[PDB]
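Participant: The structure that follows is given in the form of structure tokens.
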Ligand SMILES: [Fe+3]
Ligand SMILES: [Fe+3]
Ligand SMILES: [Fe+3]
Ligand SMILES: [Zn+2]
Ligand SMILES: [Zn+2]
Ligand SMILES: [Zn+2]
Ligand SMILES: [Zn+2]
Ligand SMILES: [Zn+2]
């Protein structure tokens with residue numbers, strides 16, 4: 231046992247490692263979307279910038295979970311970061327819907343992690359999750375939902391000017 | 231074929247995708263080392279900071295390779311980022327030796343990529359590799375070799391003060 | 231032979247003169263597009279400004295090639311700058327497609343020039359081409375491809391608001 | 231007929247297109263002279279800089295004529311820019327004499343254009359010519375005459391120090 | 231073998247050591263010229279300053295090659311720096327011609343070194359040579375050719391005012 | 231005889247030329263030590279920086295001596311700069327001991343030169359030596375002796391942390 235470990239269940243450690251992997255995977259998916267929108271035949275610079283920012287924020291979230299794991303004396307065990315489920319995201323609207331789904335799944339994983347921390351009576355872990363990940367996830371999901379709503383109302387993807395003007399105005 | 235693609239062989243595209251994956255893997259390995267040195271029972275803050283910086287630089291290298299792939303009209307195809315070969319790096323000296331080996335392998339991959347670009351007469355790709363990756367790799371390998379040499383001479387790992395003072399002076 | 235001439239093949243000199251002419255011709259074509267978009271019945275100020283900037287950059291490229299020719303002791307031999315293949319570019323999208331084709335042809339000529347310099351073992355000439363023209367051409371071709379993609383998706387030229395809003399947002 | 235066109239004769243439009251071509255040709259001749267003086271075996275940096283400045287000013291004059299053509303609703307029709315009558319300008323004094331002759335011919339063409347505008351009672355065109363081109367040409371011709379006079383008195387070209395010290399003092 | 235050595239042929243190491251010696255020798259020759267022009271019976275302060283600057287730049291080039299040798303894990307092997315071919319450079323024009331010849335020979339050695347690096351497929355070495363030495367050599371040879379042209383046409387050395395005024399104007 | 235020469239014996243001129251050569255040789259030896267400590271398997275950055283500074287100071291000393299030679303109307307006669315007695319300096323302590331020996335030998339040569347200037351009653355030369363070289367040599371020898379003493383007491387070379395911490399603290 232780590233000299234610093236206290237009130238840190240093994241299941242919480244495993245859940246934190248899994249969450250680390252999931253945040254790294256979300257960072258990778260956002261990197262994939264940024265790459266897709268930097269394509270010459272997509273060429274939506276602000277979509278690419280937005281998703282690159284999301285990828286960097288996901289990487290920061292994973293690093294914060296790593297710091298938490300070390301703080302509590304748990305041991306980080308890294309897994310393979312699976313490739314994103316696709317390379318062609320096919321539109322700004324589809325990319326935003328997939329990002330919304332990804333943020334909802336990351337939020338569900340964080341909610342399950344908070345439930346586990348609550349069951350194991352790990353108040354520091356619960357507080358960490360709710361302070362640094364749950365509110366961030368709710369804000370991110372709301373922002374992604376707003377983006378999806380606006381893109382759909384604009385007529386995306388069929389309305390060709392829709393994604394371009396959303397890129398300039400909302401994301402630019 | 232991409233509207234922008236010109237003098238960009240398919241083998242060069244595949245090699246660039248593989249290099250993207252390798253740079254992402256190196257970033258992941260450096261993140262693993264940073265996590266290891268942030269452990270309470272390792273507690274080498276400057277080793278962790280140095281390897282986190284290496285991880286971020288590797289991620290930037292992968293991002294620049296993907297920007298190159300999009301610039302040339304190639305399509306980025308992301309693969310699984312394999313987990314690092316180990317989670318316990320066991321010492322500052324061992325971590326530096328593994329980082330040296332990783333940078334040498336990344337440099338070897340970049341050299342093979344430059345050879346491929348030369349064979350396909352892709353001067354832009356060759357020049358890009360040279361200006362942004364080969365000199366960086368040579369500098370990184372030299373810095374890692376210096377770190378390893380200094381740690382060895384200081385008596386790392388068995389000289390307990392060696393890694394601590396190297397952390398303070400060289401990496402701090 | 232020039233007192234400064236060294237490792238500068240006659241074919242390299244001729245290729246550099248031809249490239250000078252081609253860059254001057256591209257500058258002239260971009261001037262033609264700028265003139266077209268300054269027309270009262272086209273009236274796309276940012277398209278005109280963008281293509282005038284391209285014309286000035288092309289003139290700078292030709293002047294840099296002339297400076298290179300004098301640096302290496304070759305003699306600049308100027309030819310007629312042929313008129314652009316048309317005076318009516320008929321749309322922002324068509325002008326962007328023609329600019330993309332022109333930059334691709336300039337890049338192809340630069341690639342052939344780099345191949346010639348490589349065959350004649352003129353490393354300074356190869357390095358000059360790849361440092362100052364190849365990366366610039368790749369960036370320009372990518373930017374033009376992005377412009378063309380965005381204009382096409384916006385519905386240009388048929389979508390009358392497409393070129394106007396692209397002029398304001400992307401080019402303004 | 232252009233929506234903006236009024237009191238703009240077809241002959242004025244053709245004369246403006248011809249003047250555009252002539253100004254582009256003068257810019258090209260000045261570029262040739264700048265290139266000649268950048269030669270290693272001529273090596274008069276201030277002569278080259280002076281003639282490059284003349285080339286850029288000629289290009290600006292051509293661009294202003296194009297702006298005038300579009301302002302009046304005339305259509306710019308670009309022609310081949312003929313190569314300068316020679317590549318070897320053989321001296322600072324000879325280059326200055328050729329520049330003087332070129333500016334006198336450009337001024338003669340501008341005077342014929344002003345006569346045409348006067349005959350067709352195009353007061354805006356006459357005023358444009360006289361405010362932006364005639365005074366500029368008179369000043370340029372006077373400056374070139376001064377340069378030629380000083381170079382001749384200094385003993386150019388046979389006086390070896392003459393062109394060097396003129397380059398340093400007058401043009402530097 | 232050095233821990234950092236990778237894709238660094240022994241012939242490249244030997245060629246780099248020879249180039250180091252040649253750059254040190256060129257620095258020594260430039261120091262000799264600076265000394266000659268600081269003589270009371272020569273007394274060309276700007277010629278001496280120019281050649282001292284050349285000597286310092288040559289020493290910097292040798293030091294950069296030394297840094298490259300250490301970066302690649304090659305071992306620097308210093309040789310005797312041969313005395314310059316003469317102590318009396320006899321004139322500003324003769325010194326400039328000898329400097330031109332020396333820079334051309336250094337450039338030839340660098341070109342052979344780049345050819346060797348190309349044959350050994352050492353892209354980092356080729357890139358290093360071309361980015362830091364080949365363009366510098368071309369610029370230096372062009373500047374020296376310009377100096378020689380101006381001095382010759384000013385009447386140097388027989389025209390006694392020629393070297394003095396070149397010292398004041400071009401070199402001052 | 232030089233027009234400026236006065237009270238400047240031929241033996242003093244020869245001794246000054248020999249001192250030129252000796253200072254250039256010391257600069258070369260210090261460059262060799264700097265190169266040795268920049269090696270990846272030595273990797274003592276501050277030792278390398280210190281010895282590079284010593285090399286540059288030795289070059290400045292030689293340059294000052296040749297300025298003195300020209301000031302007095304003597305003629306500088308440069309000789310071969312012999313390669314340093316070794317390429318492998320094997321240690322920070324050994325390099326410091328060799329630097330101490332080299333500074334002591336340079337000081338002995340300067341003392342013999344001052345004795346010669348005294349015998350020839352050349353008060354300006356004696357004053358120059360004592361003002362610019364003797365005090366500098368005494369300070370340098372004392373600093374090198376301090377460095378050697380501290381390295382020996384620290385346990386260099388066998389104490390592996392000794393040279394590293396001396397590099398950080400004294401030389402950093
Ligand atoms: Fe300490
Ligand atoms: Fe809008
Ligand atoms: Fe003067
Ligand atoms: Zn990398
Ligand atoms: Zn170009
Ligand atoms: Zn004009
Ligand atoms: Zn050099
Ligand atoms: Zn000294």
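Protein chains in written order, with the numbering used here: chain A, 231 to 402; chain B, 231 to 402; chain C, 231 to 402; chain D, 231 to 402; chain E, 231 to 402; chain F, 231 to 402.
Just so it is clear, CB atoms sit at the ideal spot from N, CA and C, and this is done for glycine as well.
Hey, could you find the ends of the alpha helix (DSSP H) residue 234 (chain F) is sitting in?
Facilitator: Unbroken run through residue 234 (chain F): none, as it is neither H nor E.
Participant: Give the list of continuous alpha helix (DSSP H) stretches no shorter than 4 residues that lie fully inside the segment 263–338 of chain C.
Facilitator: 275–301
Participant: Can you list, in chain order, the residues of its chain whose CB lies under 6 Å from that of residue 281 (chain E), leaving out five sequence neighbours each side?
Facilitator: 260, 263, 264
Participant: Using the C-alpha atoms, what's the distance from residue 400 (chain D) back to residue 327 (chain D)?
Facilitator: 16 Å
Participant: Measure the C-alpha to C-alpha separation of residue 312 (chain E) and residue 359 (chain F) and round it to an integer number of angstroms.
Facilitator: 27 Å
Participant: Residue 300 (chain B) versus chain A: which residues are under 7 Å apart at the beta carbon?
Facilitator: 265, 268, 269, 270
Participant: For residue 363 (chain B), report the span of its alpha helix (DSSP H) as first-last.
Facilitator: Run containing residue 363 (chain B): none; DSSP gives neither H nor E here.
Participant: Quick check on DSSP: helix, strand or coil for residue 379 (chain F)?
Facilitator: helix
Participant: So that I know if they touch, is there some Cβ in chain E lying closer than 8 Å to that of residue 237 (chain C)?
Facilitator: Taking Cβ atoms only, chain E reaches closer than 8 Å to residue 237 (chain C), which makes this a yes.
Participant: Checking 8 Å against the spacing of the C-beta atoms, do residue 288 (chain D) and residue 257 (chain D) come in under that value?
Facilitator: Residue 288 (chain D) is a Cβ neighbour of residue 257 (chain D), given a cutoff of 8 Å.
Participant: Indicate whether residue 410 (chain C) and residue 317 (chain D) have their beta-carbon atoms separated by less than 8 Å.
Facilitator: Nothing about residue 410 (chain C) can be read from this structure; chain C reaches only from 231 to 402.
Participant: Give the single residue among D:365, D:314, D:300 whose Cα lies nearest to the Cα of residue 246 (chain D).
Facilitator: D:300
Participant: Between the Cα of residue 303 (chain C) and the Cα atoms of C:244, C:345, C:315, C:357, which residue gives the shortest distance?
Facilitator: Considering only alpha carbons, the answer is C:244.
Participant: One question on the structure: do residue 233 (chain D) and residue 270 (chain C) come within less than 8 Å of each other, judged by their Cβ atoms?
Facilitator: Between residue 233 (chain D) and residue 270 (chain C), the C-beta spacing is below 8 Å.
Participant: Looking at the secondary structure, which residues open and close the alpha helix (DSSP H) in which residue 393 (chain E) lies?
Facilitator: Residue 393 (chain E) -> alpha helix (DSSP H) spans 390–399.
Participant: Starting from residue 357 (chain E), trace the alpha helix (DSSP H) in both directions and tell me its first and last residue.
Facilitator: Here the alpha helix (DSSP H) through residue 357 (chain E) covers 353–359.
Participant: Can you grab the Cα-Cα spacing for the pair residue 252 (chain E) / residue 373 (chain B), in whole Å?
Facilitator: 28 Å
Participant: List in chain order the residues whose CB is within less than 6 Å of at least one heavy atom of ligand 8.
Facilitator: F:253, F:288, F:291, F:336, F:363
Participant: For the segment 342–359 of chain C against the segment 347–361 of chain B, do three or more pairs of beta-carbon atoms, one drawn from each stretch, fall closer than 8 Å, so that the two count as touching?
Facilitator: yes
Participant: Can you list the residues of chain B that residue 394 (chain F) reaches, using a CB-CB cut of under 7 Å?
Facilitator: Near residue 394 (chain F) (Cβ distances below 7 Å), the residues of chain B are 380, 383, 384.
Participant: What residues in its chain sit with their C-beta under 6 Å from that of residue 329 (chain E), if we drop five residues either side in the sequence?
Facilitator: 374
Participant: Give the interface partners of residue 310 (chain C) over in chain D, defined as CB-CB distance under 7 Å, in chain order.
Facilitator: 310, 311, 312, 313
Participant: State buried or exposed for residue 368 (chain D), treating a residue as buried only when at least 16 other CB atoms are found within 10 Å of its CB.
Facilitator: exposed
Participant: Distance cutoff 8 Å, beta carbons only. Does residue 336 (chain E) sit that close to anything in chain C?
Facilitator: no
Participant: Using C-beta distances below 7 Å, list every residue in its chain close to residue 362 (chain D), excluding the 5 sequence neighbours before and after it, in chain order.
Facilitator: 294
Participant: Quick check: is the beta carbon of residue 368 (chain B) nearer than 8 Å to any beta carbon in chain E?
Facilitator: By this cut-off, residue 368 (chain B) is an interface position.
Participant: Cutting at 8 Å between CB atoms, please list the residues of its own chain near residue 446 (chain F), excluding the five before and the five after it.
Facilitator: Given that chain F is displayed from residue 231 to residue 402, the structure contains no residue 446 (chain F) and the question cannot be resolved.
Participant: Thinking just about the alpha-carbon of each residue, which of B:321, B:290, B:266, B:298 is nearest to the one in residue 298 (chain A)?
Facilitator: B:266
Participant: Among residues of its own chain, excluding the 5 on either side of residue 276 (chain E), which ones have a beta-carbon nearer than 6 Å to its beta-carbon?
Facilitator: Sequence-distant partners of residue 276 (chain E) (beyond 5 residues in either direction) whose C-beta falls short of 6 Å from its own C-beta, in its chain, are 397, 401, 402.
Participant: Please tell me whether residue 354 (chain E) has its Cβ less than 8 Å away from any Cβ of chain G.
Facilitator: Considering every chain present, this structure includes no chain G. Its protein chains are A, B, C, D, E and F.
Participant: Does residue 241 (chain B) come within less than 8 Å of chain C when only Cβ atoms are used?
Facilitator: no
Participant: What three-state label does DSSP hand residue 345 (chain D) in the structure shown?
Facilitator: helix
Participant: Is there a Cβ from chain C that is less than 8 Å from the Cβ of residue 391 (chain A)?
Facilitator: yes
Participant: Identify, in the order they occur along the chain, each residue of the same chain with its Cβ nearer than 7 Å to the Cβ of residue 385 (chain F), setting aside the five sequence neighbours on each side.
Facilitator: 392
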